[PDB]
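Everything below concerns the one structure shown next.
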DNA sequence: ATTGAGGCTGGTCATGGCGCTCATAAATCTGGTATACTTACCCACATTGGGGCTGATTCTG
C-alpha cells in the first residue's frame, strides 16, 4: 500500500508539474498588466505561478 | 518653685471622587471561492586584468 500510494503521488506530481510548465506562458501574459503598481515583474509572475 | 488653663501632640468616622477590573457589541480585520476564451517584457585619464598573439629556446620528422 505504501509504495502504491507513493507511485500514485509521484504520478500526480508529475502531471501537475507538466500543467504548471505548460501554463507558465498564460501566467506571464496575465501578469503583464500589473507591472507598474509598486511591485516587481518577477514578484508578480511568481504570485501568478502560485495562483 | 506649684497648680490653674491655653496650644498643641496622640487617634475617630466615615467620605468622595479616581482607578482597576467585568462584560457587551458593532465595527474592523482575515480567509475563501468565481468555469464561452484571453499563453516569450521593453565625459576624459590612469591602472590592472583577461585573452590573443610573438618570438625564441626545445624538440621533431
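Where a number appears in this text, it was derived from the coordinates with a stated rule and is not lab data.
Normalised radius of gyration (Cα atoms, divided by 2.2 N^0.38 Å) for chain A: 1.60. Straightening the chain between residue A:42 and residue A:21 buys 5.9 nm, computed as 0.36 nm per residue apart minus the Cα-Cα spacing. Counting 0.36 nm for each residue step from residue A:30 to residue A:49 and taking away their Cα separation leaves a gain of 5.8 nm. Once the Cα atoms of helix A:2-31 and of chain A are each reduced to a long axis, what angle between those two axes, in degrees from 0 to 90 to the nearest 10, is obtained? Tilt of helix A:2-31: around 20 degrees.
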